[PDB]
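Each chain is listed here by its residues.
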Amino acid sequence: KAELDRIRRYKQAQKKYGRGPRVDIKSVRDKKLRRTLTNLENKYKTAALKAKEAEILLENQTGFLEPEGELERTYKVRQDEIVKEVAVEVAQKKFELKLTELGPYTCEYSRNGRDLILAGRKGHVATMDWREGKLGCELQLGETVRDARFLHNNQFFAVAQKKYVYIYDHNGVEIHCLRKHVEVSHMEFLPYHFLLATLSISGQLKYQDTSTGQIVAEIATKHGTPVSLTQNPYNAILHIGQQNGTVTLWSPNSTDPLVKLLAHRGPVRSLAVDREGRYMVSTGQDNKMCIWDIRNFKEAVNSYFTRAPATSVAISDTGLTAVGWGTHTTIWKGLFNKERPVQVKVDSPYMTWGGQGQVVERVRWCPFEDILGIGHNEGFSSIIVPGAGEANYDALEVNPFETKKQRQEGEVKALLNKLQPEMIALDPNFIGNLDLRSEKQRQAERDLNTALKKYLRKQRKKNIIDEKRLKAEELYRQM
Amino acid sequence: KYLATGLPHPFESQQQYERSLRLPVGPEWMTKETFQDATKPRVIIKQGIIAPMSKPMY
Amino acid sequence: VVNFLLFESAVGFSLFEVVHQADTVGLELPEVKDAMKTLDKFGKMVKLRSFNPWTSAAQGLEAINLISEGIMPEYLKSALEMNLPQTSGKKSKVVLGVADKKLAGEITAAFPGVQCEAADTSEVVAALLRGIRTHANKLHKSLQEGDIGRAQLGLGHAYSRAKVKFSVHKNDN
Amino acid sequence: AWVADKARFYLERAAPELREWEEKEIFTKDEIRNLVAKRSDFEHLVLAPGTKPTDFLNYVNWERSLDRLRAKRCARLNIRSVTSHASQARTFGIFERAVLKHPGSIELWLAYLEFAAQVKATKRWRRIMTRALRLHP
Amino acid sequence: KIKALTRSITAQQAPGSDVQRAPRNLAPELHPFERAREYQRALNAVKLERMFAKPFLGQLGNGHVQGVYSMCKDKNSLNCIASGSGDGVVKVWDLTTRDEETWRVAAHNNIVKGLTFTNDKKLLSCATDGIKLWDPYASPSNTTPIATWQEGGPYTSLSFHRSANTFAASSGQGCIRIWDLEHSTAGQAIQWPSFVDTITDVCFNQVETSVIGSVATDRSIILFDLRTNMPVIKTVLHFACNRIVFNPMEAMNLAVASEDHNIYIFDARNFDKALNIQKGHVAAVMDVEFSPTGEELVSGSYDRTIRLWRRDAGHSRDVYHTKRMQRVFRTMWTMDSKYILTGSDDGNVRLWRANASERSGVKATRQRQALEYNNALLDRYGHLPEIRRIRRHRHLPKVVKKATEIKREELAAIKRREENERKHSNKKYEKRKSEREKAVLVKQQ
RNA sequence: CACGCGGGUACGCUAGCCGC
RNA sequence: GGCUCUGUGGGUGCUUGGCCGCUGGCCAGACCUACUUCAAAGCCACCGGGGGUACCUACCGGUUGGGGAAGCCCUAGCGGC
């Protein structure tokens, strides 16, 4: 019939924007509760339906490339062919920085992709606006540099020196150094909480609140130096990856790991985790990489193999992933589809960047454009890959063209809605659920032959006599 | 401290209440029309003499 | 509770229709005074309903020399007949807001269904016409041909000269 | 200027007519992206601070020509389910905020009266005529 | 078939326009921490309303000399108040100019017990002297009354009809008596047939005309039908009731403020049980008044408190207090249903606001949308522990706090005594009588 | 209840019978 | 004709090729996603001085309710210490 499209529309919107199963109105016994819950179910149904109908006003289109003939394959496509076939405002972004004498470089974009920071190993830390081509800062620092990271804006950044971390302003003037964070080898900035989480080489993980300036919870990961660290963008829990070959999930409200996904036989070399929090791809020292469903904590498919222990892996805003191993990175497209209940293995990579003798230190996706920045020992190299990048951003959350007034107002609103670090769990939507023990105690204070042998075995050891045990002795004598 | 200690007054079941909230109110997650219709207040008081009702409406 | 209000200026007289009327208990409150200051929060209160300009400076001179003396003119009676809903006050009235008490009495005597509130007596309509006199250049600018400054200048000169009889015994230049 | 948040409502109101036109075979998806971009540019021009009656009339003429184009295309593709009522309602909305913003422009008042007389709206025409006579006596 | 996503800055500003275009994508992958960010915004909303909760607005004039023992608004106008003090002087105030009184007169000898406005423009006042009528709005000021009435015992309160020129005065002889102005002299005295105790308050029902409620010091409420001039029903409660009032949107609901520290919302058709019991006070409740929207209540108590209530709440939405306010005798709304007025025993008429953190005037759209968004968010997440403790914290004076701690101890002791007598007496095999059913002692006709 | 396109009784017009 | 400034190439250490998934290939690349038996041994791991300790965390010792690896025995069991 003609209403079949209507029922399909409602099923699709209840899948996507529904955020829950539905309230069962037939089991409600109260009359006023029944009509108010029917009113609420009508309002939530039209809410999801109007969001799905207003998903037509999205402006941009997702990029792609598809092979035409039967012999042509997508991984044999050259960057010169992409640059010839693509528009000029996005063919401008395929550059290459040639910085040779100051260590392998480490790239990190800001979370709108306006400014990128690249840090050499021997000290050369620079901060540039890579589309407009101007550099905001460049400074040399002397000693080694473990990791450089932007903070909430492109105003402040944070560099991990030989002992401490240092946070710097937009001009590069050093605001301060953090002395509690010694020998920091990895850093990750939670964006919605204002926490900066640092793994030392000793295995200690410190969460420092950036806004107010006090370290929230120093967790000591009891086993080994950590090899890698990433951050779930959906839970804000930290997937750190150890050297015995397990990845452990950490949160500032517990000193034990939340889960520990057992992984590759050697140490895991790199991790990456989806921005919807669905799946995690990890690459180990044993040459395999493998993906996990995170919402169920099981392995999705068999282990893919990489032909070298992959130094970095970073997955995009859409389904693409760049796994950078040895001296050339490969991009895979369909590793984890959200819609499929049982995942299938991908035969061929989506596209491969060339191996011409520059060992890849770190690959990163520019968060809203369809490019990929590889930081290697010869410097920085930005390549363009069409399928990646979220085509339609939201101007309220994060904006690639944010003016000065919009940046000021957004920083103040993010300060006002910074989340307390005790609001971190495996499921981030728990706020308002039942304390079941407290509800059972409230209802209690409102309404007011195989185990009874191990009972006596446990209570003969106290040796309190405790009249319930006298009743249990009489029961055992009767038995 | 972010869990709720007991059920609110009209609700009768844990599934009912924890599944009845379920959707964010804010403008980031819902459309503008939905946000207006969901944050309209129940009693809408305009300015003037609010005289008691003269004759039955229904 | 005001429904409409007259407002006479040198280019002509316009009557506004109030929607979301002013709070009368918090008239001396700082937030309501700031609302009466800002045009973005007073144009929500007033919406321009009708405008009647003069035909000539002679008609504007007759308009002042009737209104200041108190008596309403025939074209003001005409525009009120056109804009106000025709009633007699037996079961429903219309509240008009005017600036002068004698003009209030005469409009109420000409139209029995229109209850007039004078700005000299009622503080609500006083503050409301005060806000319209504040923002009177921007509330009319879509149909304000030219300005109001030279109109007020020439009309004050014509009114003062008609009151004084200046030209008949000033001759020395 | 809250013009983005102000024009969000008019775009979200015009969206389900575009959903019906996409689920029928009348406008293709690239053409509907073009309609979305043109209505968005028109709304962000209309709800701007410094605006003009010629800008309001350009938007009125575009919406009315879109209704005429969809009428020709609907008669060619032989559909009777699609109605012009939502387009006439949004054209009346454009004209009502037009005469709210610029009441002193008789060209826009006469264009409003011509539109209301042309799509068979006699009672609405009499009300618009009363408001126009009150503003320009 | 290569195509990558190209973003011009035309998607942020079209050239030639100052409008910053804000494209929005409502997909939930882009907006993480939905429930957590909304909890943080609700917590900010509670802390913001506790910061901007500033309810005291002003005080009408210099006040009275002795305390304000009666006051009455004009239900037709919007800024006409009057208040009669304890030294028998009445004043008519205009709420637009609160600097000085509009019209004052040394009315009576004793305190002014009741006071009201007529529907034309004139006002009436009771005393133990007898009731009087004045014209406070006249082109010469007249101190002398234009009518007086002494026969009918010692009068206690007044209540005027909604439409006509009828009014009922509650006397101390156990009767009310009803006058029609301009063609009645002594009025008609309606009484319960053998009734002796004084009728304290009287209130015309404004919705349903010709239904009159009254309380009396027999701890009883009585009704009256004016169409067939007789009493109707009489129920005896447990404690004395200070004041009856009706709901201006629901014709059948009434509220009695009673010496049980309590407000009882009753149904006039079924006096079996109370529809609601508001319990929050410390000393006796002196005055109760429904909002003109019919959904809220003010109660001025005999200790130093005003308590603002919703209609279905059963506990305080707000409490207002002040070191200068000595006792509270008469509280009533303005017809805006936004501001409340308080006639005290310090001789002061004070003007507070209900919705203490909500400022009046015209708001911009992104201002009133932020306020409505905060109110809806508190309606959802108001029961969580942090949000709950900050939204319930209010600073009470030391006497009221100490006496409500004593009242909690005494009520818990009485509940424990009753529960022990139930568990060890023969009442164990009965259903527990609900508290709204226990609110009424007997009902008779 | 009616709302698109045609030939009709009829136009410096669209009110009325049947279709596409 | 001269001073100054700038750019490129060579040199400023003793001469053995460009790249790769390197015993072989490629420099026009080619093939693309396999194969699998048994997670891991422990320790250390740099914050300036004196002081406070309500709360959180670490360490040590306990308390209620559950849980049972392993050790021991035999009336053999859905066992027992």
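1. Here we look at the interface of chain A and chain E
Facing the 57 residues of chain A at the interface are 34 residues of chain E. Contributing elements (two or more residues each) for the side of chain A that touches chain E: β1 (64-65), α3 (79-85) and α5 (404-416) of chain A. With three residues, the top contributor of residues to the side of chain A that touches chain E is α3 of chain A. Among the residues making up the side of chain A that touches chain E, the classes are represented as 29 nonpolar, 15 polar and 13 charged. Here two bridges tie β1 of chain A to strand β1 (residues 2-3) of chain E, and the two strands are oriented antiparallel to one another.

2. Overview of the UniProt feature "repeat: WD" (unreviewed entry) in chain E
Here, UniProt's "repeat: WD" (unreviewed entry) annotation points to residues 61-97, 278-309 and 321-362 of chain E. Across residues 61-97 of chain E, the secondary structure splits into 0% helix and 46% strand, with the terminal C-alpha atoms separated by 9 Å.

3. Here's the deal with the arrangement of the chains
Contacts are most numerous between chains A and E, taken over all nine pairs of chains that touch. You won't find any contact between chain A and chain C; their C-alpha atoms come no closer than 21 Å.

4. Regarding the nonpolar core
Formed by 68 residues in total, the largest nonpolar core has its most connected members in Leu5, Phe16, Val46 and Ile132 of chain C together with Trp21 of chain D. Those residues in contact with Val46 of chain C that sit more than four places away from it in its chain are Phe16, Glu17, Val18, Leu128, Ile132 and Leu139 of chain C. With 46 residues, the next largest nonpolar core counts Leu238 and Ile424 of chain A together with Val46 and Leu384 of chain E among its residues.

5. Describing a nonpolar patch on the surface
A cluster of nonpolar side chains, contributed by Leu48, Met51 and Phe52 of chain E, occupies part of the molecular surface with about 280 Å² of accessible area. For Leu48 of chain E, the position within the fold is in helix α1 (residues 34-51).

6. Focus on the sheet that holds strand β5 (residues 90-94) of chain E
Residue and element names in this part refer to chain E. Ordered in space as β3-β4-β5-β6, the four strands form an open sheet in which the pairing is antiparallel. Edge positions in the sheet fall to β3 (68-73) and β6 (103-105), since each has one partner strand and no second. Taking each pair of neighbouring strands and ignoring which way they run, the sheet shows an average axis angle of 15°. Relative to β6, β5 is paired through three bridges, and the arrangement is antiparallel. Across the sheet, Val90 pairs through a bridge with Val105, a residue of β6.

7. Some thoughts on the interface of chain D and chain E
How large an interface is tends to be reported as the accessible area lost when its parts come together. With nine residues of chain D at the interface, the matching set in chain E holds seven residues. Of all elements in the fold, only α1 (3-23) and α2 (29-46) of chain D reach the threshold of two or more residues within the side of chain D that touches chain E. Broken down by element, the side of chain D that touches chain E gets its largest block of residues, four residues, from α1 of chain D.

8. Remarks on the packing of helix α1 (residues 4-16) of chain A against helix α2 (residues 31-53) of chain A
All names here are of chain A. The contact between α1 and α2 brings their axes to 9 Å, and the two run at 95°. If you check the angle between α1 and α2, you find them roughly perpendicular. Only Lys45, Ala48, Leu49 and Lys52 of α2 make contact with α1, whose side of the interface consists of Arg6, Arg9, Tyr10, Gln12 and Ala13. Per-class residue counts for the contact of α1 with α2 are four nonpolar, one polar and four charged.

9. Observations regarding the packing of aromatic side chains
Evaluation of the coordinates by the stated rule reveals 40 aromatic pairs over all chains. Centroid distance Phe95 of chain A to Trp130 of chain A: 6.2 Å. Interplanar angle 50°. Geometry classified as tilted. Residue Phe95 of chain A is found in the loop between α4 (88-91) and β2 (96-98), and its partner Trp130 of chain A is found in the loop between β5 (125-129) and β6 (134-139); the two are separated by 35 residues along the sequence. Like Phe95 of chain A, the residue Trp130 of chain A is buried in the burial classification. Ring centres of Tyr264 of chain E and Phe266 of chain E lie 6.2 Å apart, and the angle between their planes is 25°; this geometry places the pair in the stacked category. Look at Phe266 of chain E and you get buried, because its relative accessible area is 1%. By way of ring pairs, the aromatic residues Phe150, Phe157, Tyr164, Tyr166 and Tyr168 of chain A are connected into one cluster. The ring of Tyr350 of chain A carries the charged tip of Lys333 of chain A above its face, separated from the ring centre by 4.4 Å. Above the face of the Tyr304 of chain A ring, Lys345 of chain A is positioned so that its terminal group lies 4.2 Å from the ring centre.

Thresholds, definitions, all that
- Residues numbered from 1 in each chain as written, not as in the entry; some residues may be left out.
- Chains lettered and ligands numbered in written order.
- Part of a larger assembly, values for the part shown.
- Heavy atoms only, no water.
- Residues with missing side-chain atoms left out of burial classes, pairs and counts.
- Contact = heavy atoms within 4.5 Å.
- Helix = DSSP H or I, 4+ residues; strand = E, 2+ residues; numbered from the N terminus.
- Nonpolar A, V, L, I, M, F, W, Y, C, P; charged D, E, K, R; others polar.
- Pairing = 2+ DSSP bridges.
- UniProt positions renumbered as here; feature names shortened; annotations may be inferred.
- Core = buried A, V, L, I, M, F, W, Y, C linked by side-chain atoms within 4.5 Å.
- Buried < 20%, exposed > 50% of the residue type's maximum accessible area, 1.4 Å probe, protein only.
- Patch = residues over 30% accessible without salt bridge, like charges linked within 9 Å, V, L, I, M, F, W, Y side chains within 5 Å.
- Areas by Shrake-Rupley, 256 points an atom, 1.4 Å probe, with all protein chains shown as cover.
- Salt bridge = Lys/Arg side-chain N within 4 Å of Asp/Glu carboxyl O.
- Axes fitted to C-alpha atoms, helices over the stretch in contact; angles between N-to-C directions.
- Parallel < 35°, antiparallel > 145°, perpendicular 65-115°, else oblique.
- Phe/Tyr/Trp six-rings, centres within 6.5 Å; stacked < 30°, edge-to-face > 60°.
- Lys NZ or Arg CZ within 6 Å of the ring centre and 35° of its normal.

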